[PDB]
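One protein chain, two forms: both are listed below as structure tokens, the first as structure 1 and the second as structure 2.
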Structure 1
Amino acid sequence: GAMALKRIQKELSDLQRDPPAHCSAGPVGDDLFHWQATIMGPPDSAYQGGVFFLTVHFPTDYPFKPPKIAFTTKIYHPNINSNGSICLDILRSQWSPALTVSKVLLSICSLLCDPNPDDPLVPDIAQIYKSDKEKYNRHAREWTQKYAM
């Protein structure tokens, strides 16, 4: 995956030269194909103040196949399950080689600000987001304080 490696090195370098405001990321160890990333809950959302860790596993065909991105921090959300798996189209069918890990992480932040109740990876939480925002925001706030702060 040398061409994948060259592109991973470029994304890494771009993060250093122009640090984005929504994420911090880098290799876990000496293997550029495995990263750890940190995002914070978007401002004025139920996840505000929380730090959420994610793993990023690049494929050898990168950037022509998406990276495997999963939450390691526990989070209350209809599109993220207890295994940290994320239901997000750009990580599956809508991936594009013009996308970067940084752009994907910003989309995940956008998904925290506006969950998608029509892709219920956790049906119960999706029903509550539709039914009762107050209850949803309470549970999402509590899991943030419990697991992400």
Structure 2
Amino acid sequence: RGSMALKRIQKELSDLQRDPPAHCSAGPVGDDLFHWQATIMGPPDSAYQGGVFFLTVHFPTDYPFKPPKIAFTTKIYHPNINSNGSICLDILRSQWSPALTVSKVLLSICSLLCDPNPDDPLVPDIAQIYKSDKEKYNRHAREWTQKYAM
């Protein structure tokens, strides 16, 4: 990182809360500005509402040029996310730009939770249930939300 990605982080933080998401939160864990942690609240009108999800954000030494290493610590019944919390979002590498911020990624996942990507499964069966029948999908998620995110 040198001192640049590092300042990039500071900027990412000082600006992160100038206008706080009132729903999500992220920041450096302990004395490591390259090791962050975040918390997302299930959008009130989504299957994951009322739940608290923990995320671990790892900043690449070459940031902001490369995307941040983030994982879902809290169990979540989502087709684009698996048993180890790995998240597969387009902007995480396939369509990522230095411009985008960690904040951005938050809202991205926030909407991703609401509107998932079925043909892009990380877990085929949960992606198949969504597509074939969301009515059932939107329950499992609730069951998991209060059993893993309460």
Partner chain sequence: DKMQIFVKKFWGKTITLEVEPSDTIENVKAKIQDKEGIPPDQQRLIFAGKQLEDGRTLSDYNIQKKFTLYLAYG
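Residues that one form lacks are left out of the comparison. Numbers given to residues start at 1 and step along the sequence of structure 1. C-alpha atoms forming the largest set that superposes within 1.5 Å between two forms make up the rigid core.
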{"query": "Index of the chain form deposited without its partner chain, chosen from the pair", "finding": "2"}
{"query": "Shift in Å of the C-alpha at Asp14 between the two structures after core superposition", "finding": "1.0"}
{"query": "Inter-form CA displacement between the two structures at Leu91 - rigid core frame, Å", "finding": "0.4"}
{"query": "Core-aligned Cα shift of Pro43 between the two structures, given in Å", "finding": "2.1"}
{"query": "Sequence-ordered runs, three or more residues, C-alpha shift 2 Å or more between the two structures, rigid core", "finding": "15 to 17"}
